[PDB]
């Protein structure tokens, strides 16, 4: 029974809301991460959920990783962080039950919803950014360092208008709480993080800058044509990404403030939200056309 502490309150497996296995039905696979497979499920107007599964063939450490993931997500309480409905850890395979996000991951969304021969506008992108910044502000307020803010780790409620973006994966924070080189999110990390292994909330500010780039580029990989080591040396020597195609100046300037070399010179998330809000109200920003991808 490992204990988990967040916002000064401690929790253990006993605090998790166990849902009887017979109340849970799987409908379809939704895809996989590195972390087993994810299904759409229903809990008994049944409740629609996402079901994250633990492989039955796994190590004792995978078991503990999965428990810790459950405790981490269960203690958050915020509209831009996916809810945990409960868990079913007393039958096999073990389940974590999460808010179903019918729009899928943000990176995939951006790539698949690129304007082609009116799907997205600048304001859609700014709303996604606001939503994630709101989730990041909540983490910062509660002294939680995420360590992997990236489009692949964000989810959307629905594909269409009204979509809300939320932070959906806490795997890196989980690994560090419980503590390879080639798996580190180098391209989202600030100098002091990959050099000294020093993480603070100004670490997540930097990563959020990179997420902003991903959003306004409509889902491109950061630092096009650069490998991890090339990015590490580029960033460490003061190198910064160029603006995404058609990116308004005021939105680019949020990215460049997020990427200040010294953590002290980076904005906190209250300031980032203020700047996103200003961009959102500015006609010259929101009237900028996104590029149309030829097809």
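Residue numbers count along the first chain shown, from 1.
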{"property": "At least a third of the other entries leave residue 180 unmodelled", "result": "yes"}
{"property": "Residue 58 coordinate gap across at least a third of other entries", "result": "yes"}
{"property": "Chain break class at residue 117/residue 118 - deposited residues not modelled", "result": "1 to 3"}
{"property": "Extent of unmodelled deposited sequence, residue 180 relative to residue 179", "result": "4 to 9"}
{"property": "Comparing 58 to 66 with 265 to 273, the one whose average Cα B-factor in the PDB entry is higher", "result": "58 to 66"}
{"property": "Selected stretch [higher average CA B-factor]: 93 to 101 or 192 to 200", "result": "192 to 200"}
{"property": "Options 172, 218, 212, 156 - largest CA temperature factor per the record", "result": "172"}
{"property": "Maximum C-alpha temperature factor, selected from 238, 249, 33, 244", "result": "33"}
{"property": "Relative C-alpha B-factor of residue 81, binned into the chain's lowest, middle or highest third", "result": "lowest"}
{"property": "Relative C-alpha B-factor of residue 124, binned into the chain's lowest, middle or highest third", "result": "lowest"}
{"property": "Entry-reported Cα temperature factor of residue 110, expressed as the chain third it lands in", "result": "middle"}
{"property": "Entry-reported Cα temperature factor of residue 207, expressed as the chain third it lands in", "result": "lowest"}
{"property": "Residue 45 - Cα temperature factor, lowest/middle/highest third of chain", "result": "highest"}
